[PDB]
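One file, upload.cif, is given below (mmCIF, C-alpha atoms).
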```
data_target
loop_
_atom_site.label_atom_id
_atom_site.label_comp_id
_atom_site.auth_asym_id
_atom_site.auth_seq_id
_atom_site.Cartn_x
_atom_site.Cartn_y
_atom_site.Cartn_z
CA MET A 1 -163.34 309.43 38.93
CA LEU A 2 -161.92 312.95 38.69
CA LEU A 3 -163.37 315.69 40.89
CA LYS A 4 -162.26 319.15 42.00
CA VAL A 5 -162.84 319.95 45.67
CA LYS A 6 -162.45 323.54 46.85
CA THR A 7 -162.80 324.62 50.48
CA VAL A 8 -163.82 328.04 51.79
CA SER A 9 -160.12 328.59 52.48
CA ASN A 10 -159.51 328.79 48.73
CA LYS A 11 -157.99 325.30 48.74
CA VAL A 12 -158.81 323.69 45.39
CA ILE A 13 -157.60 320.16 44.67
CA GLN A 14 -158.01 318.36 41.34
CA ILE A 15 -157.62 314.58 41.49
CA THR A 16 -158.03 311.90 38.83
CA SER A 17 -158.79 308.81 40.91
CA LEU A 18 -161.99 308.45 42.94
CA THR A 19 -163.27 305.38 44.79
CA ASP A 20 -166.56 303.56 44.27
CA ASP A 21 -167.24 302.55 47.87
CA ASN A 22 -167.30 305.90 49.68
CA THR A 23 -166.08 308.44 47.13
CA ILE A 24 -167.24 311.48 49.09
CA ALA A 25 -167.06 309.85 52.51
CA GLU A 26 -163.50 308.74 51.78
CA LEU A 27 -162.48 312.22 50.62
CA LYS A 28 -164.03 314.00 53.61
CA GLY A 29 -162.71 311.37 56.00
CA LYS A 30 -159.20 311.65 54.59
CA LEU A 31 -159.21 315.44 55.00
CA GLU A 32 -160.35 315.29 58.62
CA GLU A 33 -157.92 312.49 59.46
CA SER A 34 -155.07 314.36 57.77
CA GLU A 35 -155.58 317.44 59.94
CA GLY A 36 -156.10 315.16 62.93
CA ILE A 37 -159.43 316.73 63.83
CA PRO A 38 -162.55 317.99 62.01
CA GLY A 39 -162.73 321.70 61.21
CA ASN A 40 -166.34 322.02 62.31
CA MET A 41 -169.00 321.17 59.72
CA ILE A 42 -166.92 319.89 56.80
CA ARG A 43 -169.91 319.93 54.45
CA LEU A 44 -169.63 320.34 50.68
CA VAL A 45 -172.32 321.32 48.17
CA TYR A 46 -172.66 319.34 44.94
CA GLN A 47 -174.57 321.10 42.16
CA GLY A 48 -176.22 323.23 44.82
CA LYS A 49 -177.20 320.10 46.72
CA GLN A 50 -176.14 319.06 50.23
CA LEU A 51 -175.20 315.68 51.67
CA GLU A 52 -173.44 313.48 49.11
CA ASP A 53 -172.11 310.80 51.45
CA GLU A 54 -175.07 308.60 50.50
CA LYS A 55 -174.05 309.06 46.86
CA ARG A 56 -170.68 307.37 47.40
CA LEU A 57 -170.57 305.08 44.36
CA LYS A 58 -173.23 307.22 42.69
CA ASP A 59 -170.62 309.99 42.63
CA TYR A 60 -168.19 307.69 40.83
CA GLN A 61 -170.39 307.90 37.73
CA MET A 62 -169.62 311.61 37.51
CA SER A 63 -165.84 311.83 37.05
CA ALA A 64 -166.46 315.46 36.10
CA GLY A 65 -168.36 317.29 38.82
CA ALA A 66 -167.13 320.41 40.59
CA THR A 67 -167.11 320.11 44.39
CA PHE A 68 -167.12 322.86 47.01
CA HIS A 69 -166.36 322.13 50.67
CA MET A 70 -167.51 324.44 53.46
CA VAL A 71 -165.98 324.65 56.94
CA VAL A 72 -167.20 327.17 59.51
CA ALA A 73 -165.46 327.09 62.89
CA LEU A 74 -166.03 330.16 65.05
CA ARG A 75 -166.35 328.43 68.42
CA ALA A 76 -162.84 328.90 69.81
CA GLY A 77 -159.17 328.86 68.85
CA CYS A 78 -157.05 329.17 71.98
#
```
Let me see whether you can do it: turn the structure in this file into C-alpha cells.
Amino acid sequence: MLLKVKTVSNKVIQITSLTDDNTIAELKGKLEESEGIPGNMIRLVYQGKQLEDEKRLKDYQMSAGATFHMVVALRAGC
C-alpha cells in the first residue's frame, strides 16, 4: 500500500496508495512516462533484491517496504 521510493538523484517519494495489479511496474512505468523517456536502467532494489516487477501484487502485501531506484545514464547528453 504505502512505499517510499528513492532514486540515486536523492528523490524520495512517500505514497500511501499502491496498486495490486502492477504495483512496481505501475510505479516505474509512471516515472518513465512522466519524464517522457526512460533514464537508462530504471532498476530499484528491494531488500537488497533486484527485479520486483514480477512481485506486482505480491508487493501490495508489504505496505511498509523501503524502495530504492537506480538510474545510470552515462551514454550521452547533447
Worksheet entry | Reference answer for the PyMOL selection byres ((chain A and resi 2-10) around 7), as a list in words | residues 1, 11, 12, 13, 14, 15, 16, 17, 18, 63, 64, 65, 66, 67, 68, 69, 70 and 71 of chain A
Around all the atoms of range 38-46 of chain A listed in the file, with 8 Å of room on each side, what axis-aligned box do you get, giving centre and edge lengths in Å to one decimal, as lines of an AutoDock Vina configuration file?
```
center_x = -167.6
center_y = 320.0
center_z = 53.6
size_x = 26.1
size_y = 20.0
size_z = 33.4
```
Worksheet item: So what does the PyMOL selection byres ((chain A and resi 27-43) around 9) actually pick up in this one, as a list in words?
Response: residues 7, 18, 22, 23, 24, 25, 26, 44, 45, 50, 51, 53, 68, 69, 70, 71, 72, 73, 74 and 75 of chain A
Selection to disk with C-alpha atoms, as a compact mmCIF listing (two decimals), keeping the file's coordinate frame:
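result.txt was written with the following content:
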```
# COMPACT_ATOMS: atom_id res chain seq x y z
CA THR A 7 -162.80 324.62 50.48
CA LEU A 18 -161.99 308.45 42.94
CA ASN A 22 -167.30 305.90 49.68
CA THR A 23 -166.08 308.44 47.13
CA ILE A 24 -167.24 311.48 49.09
CA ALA A 25 -167.06 309.85 52.51
CA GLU A 26 -163.50 308.74 51.78
CA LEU A 44 -169.63 320.34 50.68
CA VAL A 45 -172.32 321.32 48.17
CA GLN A 50 -176.14 319.06 50.23
CA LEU A 51 -175.20 315.68 51.67
CA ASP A 53 -172.11 310.80 51.45
CA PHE A 68 -167.12 322.86 47.01
CA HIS A 69 -166.36 322.13 50.67
CA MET A 70 -167.51 324.44 53.46
CA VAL A 71 -165.98 324.65 56.94
CA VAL A 72 -167.20 327.17 59.51
CA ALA A 73 -165.46 327.09 62.89
CA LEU A 74 -166.03 330.16 65.05
CA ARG A 75 -166.35 328.43 68.42
```
Discussion item. One decimal, in Å: what's the spacing between CA of residue 49 in chain A and CA of residue 62 in chain A?
Written reply: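 Separation between CA of residue 49 in chain A and CA of residue 62 in chain A: 14.6 Å.
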